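Trainee: here are the coordinates; sequence isn't available:
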Ligand SMILES: OC[C@H]1O[C@@](CO)(O[C@H]2O[C@H](CO)[C@@H](O)[C@H](O)[C@H]2O)[C@@H](O)[C@@H]1O
Ligand SMILES: [Fe+2]
């Protein structure tokens, strides 16, 4: 008969129970299938995870094994078996050679799981034989029943599509949190204050005595230590650089002509410029940049008897110094000029007034960063690609394998976010001045006008006129990673798609992109098309769109997420809310007045607890290029992935050499620090 040496490698996850026994039915390339063997698996203790189990077997010969089927075979206290991969060694009677068939899995068996052999196969391929072709249709059909487009009324309007799930637990086990502690990370109760050693500040609504006391929030519980911001935040040079190398580099842009509603006169800023330069000359030469937060106009701030918060709709003007530092030179708190809305300037205003003006500009930026730059443009805008993958692509498809490690965990975290971050009562609601409902409205307002053109990094930075800035470290690093990721995606795609026709006739990728265009990214209530293709007509379109996804799920998220402690650690560097309205007159600002506007003690601790949670990196995390749970079997794919890792290693080396001798190096896009996906 036919001998089969089946080796099962258990993954790093471990469910509850003992009897993890299952049955395995092999299936040959030509349809010849065997009988359900019985794999006995028993877990000694609860902690143990991983390991190998080898089984010798005998049954009907099938030839080349194209796929395997797994079914729960446990009797008492059945435990869901999380399997990394299966290796079946046999011999082809045709030429009596020992051949191994690797089956990359990384799934919980639960009920019944079918796993293809490593080789990736397009539906319009020649290797898509009958047995494969019939299975992949069933797989996708089954998945569509588990992964539907959500209709939660809270989030159906002016937002990207999302998965249908009431809670993280109501999701399929395969896309749940890989750590149970995660589900309870954004709760900010007394115990969370206590974890940071700050429970004595819980419920304390007093002002901070002075600006330096915010350093009290950095206890040994905060392992990153005291942010450099604590030492530099007052410096105009540091201030300017926070709009480039902080957590939100999406707003500032070259200004060739002032908005009519921002009447900055040369007299106000002339001595801040270079000798021999006027405001007009500076603009002609492209030395003037601006941060306009018009989008905050109309967004309501929290207004309750016991909690009132404020925000403005400011404009900031910056100057590109001769040594490549940008500095703030003018600020207007509200869009429309008026008697109570003057232009602030370090040349014409007091030092305390200037500090106040800067704090209000950063506060506006915080609103933008949290809701638009982070949550919307990373978390929510990327989720649709994960949902569409499950609904339209079989696990044998090369694109499914490509995106899998990068979309991992996004559905889980977003489902939690929809309950504990975004809604009223959530984290954002507790720390942002636009909390109380406005945080969602701000996202909706950006979405109504968003298109995927704003995701083309190269062209976005270019049309903003900021891609030439020497000390814009995010830009330099992001552009290296973008081009390296684009190369990788292109290599993979050109392995399986020989030409543009290969892309047209791939019915499965066409279902994928069509589902995104229709349900993933609805135009919104302004009818603004999001510029997601109706179909992929060539390989270049396919590569670009996928480059956007991989880059956003890994690099972009990392840059605007894990840098949050350096940015918000010291609250004054980037205020989350204001408890008093802005000043209406000059000369009124001083230390104590400022302390009355800035967050109180309880509020400040809440932010640190949140930021500390958002920057959680588990020891298991896999960083950019590290594909340990690789689904690719083709040796050509491995070559592409290895070249990828080599290109990343070179970027790491560049960033390190540039960061040499710096006090506060930009380190958030070092490949080894960039997770593969959005899992937090
Ligand atoms: O500061 C220049 C720096 O920017 C890079 C991208 O990181 O190139 C950009 O700026 C150049 C001008 O110096 C442009 O020619 C180029 O088109 C733009 O991408 C780096 O090449 C350069 O070191
Ligand atoms: Fe995040």
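Mentor: All right, it came through fine. Residues are numbered from 1 along each chain as shown. Ligands and ions are numbered 1, 2, ... in the order given.

Trainee: which SS class is the residue nearest to the spatial centre of the chain?
Mentor: Against the mean C-alpha coordinate of the chain, by CA atoms, centre = their mean, the closest residue is residue 557 at 3.5 Å. Of the three states, residue 557 takes helix under DSSP: H, G, I helix; E, B strand; the rest coil.

Trainee: which residues does it contact?
Mentor: By CB atoms under 8 Å, 6 or more residues apart in numbering, the contact set of residue 557 is 374, 378-379, 675, 678. Where C-beta positions appear, they are placed from N, C-alpha and C, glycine not excepted.

Trainee: can you give me the strands in the stretch 501-650 of the chain?
Mentor: Using DSSP state E, counting those that start in this stretch, the stretch 501-650 of the chain contains no strands.

Trainee: give me the residue from it nearest ligand 1.
Mentor: residue 555 (13.9 Å; CB to the nearest ligand atom).

Trainee: can you count the residues close to the closest residue in space to that residue that isn't next to it in sequence?
Mentor: Ranked by CB to CB, 6 or more residues apart in numbering and with sequence neighbours excluded, the top spatial neighbour of residue 555 is residue 481, at 4.9 Å. If you count neighbours by other CB atoms under 10 Å, residue 481 ends up with 26.

Trainee: Now do the same contact list for residue 481.
Mentor: Residue 481 touches 551, 555, 624, 648, 651, 669, 671, 674, counting by CB under 8 Å, 6+ apart.

Trainee: Can you give me the distance of the third one to residue 264?
Mentor: Read that as residue 624. 42 Å (CB to CB, to the nearest Å).

Trainee: Compare those two and say which is more crowded by neighbours.
Mentor: Legend: neighbour count by other CB under 10 Å for residue 624 and residue 264, higher for residue 624 (28 against 21).

Trainee: Can you verify my assumption that that one contacts residue 554?
Mentor: Yes - assessed by CB atoms under 8 Å, residue 624 is found in contact with residue 554 at 5.2 Å.

Trainee: Find residues that contact each of these two.
Mentor: 674-676.

Trainee: Would you reformat the residues you listed as CSV and include neighbour count, secondary structure and distance to ligand 1?
Mentor: As requested, those are exported to CSV (neighbours: other CB atoms under 10 Å; DSSP: H, G, I helix; E, B strand; the rest coil; distance: CB to the nearest ligand atom, whole Å):
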residue, neighbour count, secondary structure, distance to ligand 1
674, 21, coil, 17
675, 25, strand, 23
676, 23, coil, 23
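
Trainee: Nearest to ligand 1: which residue in the stretch 51-200 of the chain?
Mentor: For the stretch 51-200 of the chain, CB to the nearest ligand atom, closest residue to ligand 1: residue 160, 29.2 Å.

Trainee: Need the three-state assignment for that residue.
Mentor: Residue 160 - assigned by three-state DSSP - is coil.

Trainee: Correct me if wrong: it contacts residue 385.
Mentor: No - at 9.8 Å, residue 160 does not count as touching residue 385 under the criterion of CB under 8 Å.

Trainee: Common neighbours of these two, please.
Mentor: By CB under 8 Å, 6+ apart, the residues touching both residue 160 and residue 385 are residue 520.

Trainee: Ligand 1 contacts on the protein?
Mentor: 467-468, 470, 475-476, 479 (CB under 6 Å from any ligand atom).

Trainee: and those, which are buried?
Mentor: 467, 475-476, 479 (16 or more other CB atoms under 10 Å).

Trainee: when you check these against the helices, which ones overlap?
Mentor: Those of those mapping onto helices are 475-476, 479, per DSSP state H.

Trainee: Make CSV from those and add distance to residue 87 to it.
Mentor: Converted to CSV, these look like this (distance: CB to CB, whole Å):
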residue, distance to residue 87
475, 45
476, 44
479, 41
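
Trainee: which stretches of the stretch 301-450 of the chain form helices?
Mentor: For the stretch 301-450 of the chain, applying DSSP state H, counting those that start in this stretch gives helices covering 351-368, 381-392, 398-407, 410-420, 427-431, 438-447.

Trainee: Mind giving me the packing neighbours of the fifth one?
Mentor: Of the remaining helices and strands, those touching helix 427-431 by 3 or more CB pairs under 8 Å, 6 or more residues apart in numbering; DSSP states H and E are helix 601-614.

Trainee: chain center to the helix it packs on, what's the gap?
Mentor: What separates the centre of helix 601-614 from the centre of its chain is 20 Å, taken as CA atoms, centre = their mean, to the nearest Å.

Trainee: Remind me what that helix packs against, helices and strands.
Mentor: helix 190-195, helix 427-431, helix 564-568.

Trainee: For that helix, report the contacting residues that lie outside it.
Mentor: Helix 601-614 is touched from outside by 185-186, 188, 192-193, 195-196, 198, 201-208, 214, 217-218, 221-222, 427, 430-431, 561, 564-565, 568-569, 571, 576-577, 598-599, 680, with contacts defined as CB under 8 Å, 6+ apart.

Trainee: tell me the domain boundaries of this protein?
Mentor: 1-118, 119-249+366-677, 250-365 (curated CATH domains).

Trainee: quick one on the thing from earlier: who's in contact with the residue of the stretch 501-650 of the chain closest to ligand 1?
Mentor: Contacts here follow CB under 8 Å, 6+ apart; on that basis residue 555 touches 478, 481-482, 485, 624, 669, 674.

Trainee: how near is the residue nearest to residue 555 to ligand 1?
Mentor: 11 Å (CB to the nearest ligand atom, to the nearest Å).

Trainee: cool, residue 358 as well?
Mentor: Residue 358 is 26 Å from ligand 1, by CB to the nearest ligand atom.

Trainee: Over to residue 5?
Mentor: 52 Å.

Trainee: With residue 667 instead?
Mentor: Relative to ligand 1, and taking CB to the nearest ligand atom, residue 667 is found at 17 Å.

Trainee: Quick one: neighbours of that residue, just the number.
Mentor: 17.

Trainee: Quick check, it in contact with residue 656.
Mentor: No - applying CB under 8 Å, one finds residue 667 not in contact with residue 656, separated by 9.2 Å.
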